[PDB]
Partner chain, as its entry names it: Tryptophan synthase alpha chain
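What follows is one chain in structure tokens, specifically the form deposited without the partner chain.
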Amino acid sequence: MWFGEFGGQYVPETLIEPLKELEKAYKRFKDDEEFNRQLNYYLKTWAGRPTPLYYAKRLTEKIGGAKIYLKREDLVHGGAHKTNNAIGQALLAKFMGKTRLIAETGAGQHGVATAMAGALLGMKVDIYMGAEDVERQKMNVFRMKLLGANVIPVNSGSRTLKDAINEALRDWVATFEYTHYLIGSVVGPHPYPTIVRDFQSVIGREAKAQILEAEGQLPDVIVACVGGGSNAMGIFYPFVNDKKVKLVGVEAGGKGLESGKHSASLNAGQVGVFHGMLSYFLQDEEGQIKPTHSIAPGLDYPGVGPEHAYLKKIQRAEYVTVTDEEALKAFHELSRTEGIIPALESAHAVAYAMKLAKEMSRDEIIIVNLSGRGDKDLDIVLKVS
């Protein structure tokens, strides 16, 4: 329920029944032999797990400090980590007898992943997406439809990610007998922050195994970008009890923190209650939720997961920011130097890892979670660069 003070389940009474059924089903299926056989079978033969851990030798040499390894979630079916959680939850939904999935999306990547998993298991899929975001993600919207999903543009409020979540929640309240709301990050009311993190943890368990094989030891640092915080919790969580391993989450600095055009909830947001949870949110002087900005469309959620707020508060992980300009420089550098075109979200983690490696010893190890590939971001990079 809670991570320290954060998280919880602060929702109208109409949400209580769906959430308790979900928790009950999850408790029942998460260790069910049959459910796991099927989940691993799809993650293996359809998504292509495990993903490799890649030693970025040229990058490491050029910077001339710590060894930089990349956990290659860009190679997952779909092009991003989102797929791990979409498969997990869609299968859960199927085991509970649901026939339809809904999900919110901002950048379109979780919408695409959800559509994919829906098509895979033969469920109807409706994706709520703010109309401002539908307009900026033309090709992800088209992918979703090719996959047989319907895209419902959300015209209420600020027409953006928070608003799509709101409508998704209203729908679920009416339709949960046959619908599962497939939340895309480690946010929302219990049990979603736990479920999503459980379904992303596969990343860290692979990465731990792979780095022991490659180097005979655990990494000195793991670096991941933080929107809502799923890919970061995914790779962090299996290392939480390893005292040697530093954990660094990188948030969107946008045009700079001072500019007020960014998406850095942990660094510059306030603690508050929204979307059924107590965590950090970016809000105005009136207290209402504030619009975010980043060149990375996936770093758009105006809050962060509670388990991160918790890891911050107990100082188990550190949270930093990287600006638009720095992320873009990193997108280019990784492309030219290692022949890997990263997602612009993931480029934030790369840029921070680049700065940190420089200060570190050649004997030390950084693992960078490469949350996604950059194909989806080409139009954006074309326009700016």
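So that the term is clear: the rigid core is the largest set of C-alpha atoms that superpose within 1.5 Å between two forms. Positions refer to the first chain, counted from 1.
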{"query": "Given 228 to 236 and 213 to 221, the range whose Cα B-factors average higher in the PDB entry", "finding": "213 to 221"}
{"query": "Stretch exceeding the other in mean C-alpha B-factor - 34 to 42, 52 to 60", "finding": "34 to 42"}
{"query": "Highest-ranked of 83, 140, 201, 315 once sorted by CA temperature factor in the record", "finding": "315"}
{"query": "Out of 109, 185, 155, 89, residue topping the C-alpha B-factor column of the entry", "finding": "155"}
{"query": "Within-chain third of residue 320 by Cα B-factor, per the entry", "finding": "middle"}
{"query": "Assigned third (lowest, middle, highest) for the C-alpha B factor of residue 373", "finding": "lowest"}
{"query": "Ranked against its chain, the third holding the CA B-factor of residue 331", "finding": "lowest"}
{"query": "CA B-factor ranking of residue 305, expressed as a third of its chain", "finding": "middle"}
{"query": "Third of the chain, ranked by Cα B-factor, where residue 206 sits", "finding": "lowest"}
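One more form of this protein should be noted, the form deposited with the partner chain bound, which is absent from this view; the next part is about it.
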| query | finding |
| --- | --- |
| Interface stretch in the deposited complex with the partner chain - options 172 to 180, 97 to 105, 192 to 200, 259 to 267, non-hydrogen atom within 4.5 Å | 172 to 180 |
| Contact of residue 308 with the partner chain in the deposited complex (heavy atom, 4.5 Å) | no |
| 4.5 Å heavy atom contact, residue 15 to the partner chain in the deposited complex | yes |
| Contact label in the deposited complex: residue 240 to the partner chain, heavy atom within 4.5 Å | no |
| In the deposited complex, residue 11 touching the partner chain (heavy atom, 4.5 Å) | yes |
| The unique member of 209, 131, 273, 218 whose heavy atoms fall within 4.5 Å of the partner chain in the deposited complex | 273 |
| 245, 248, 289, 92 - the one with a heavy atom within 4.5 Å of the partner chain in the deposited complex | 289 |
| Conformational change between the shown form and the other one, one of 165, 101, 296, 277, C-alpha moving 2 Å or more after core fit | 165 |
| After fitting the core, residue 154 CA displacement of 2 Å or more between the shown form and the other one | yes |
| Yes/no, residue 134 Cα shift of 2 Å or more between the shown form and the other one with rigid core fixed | yes |
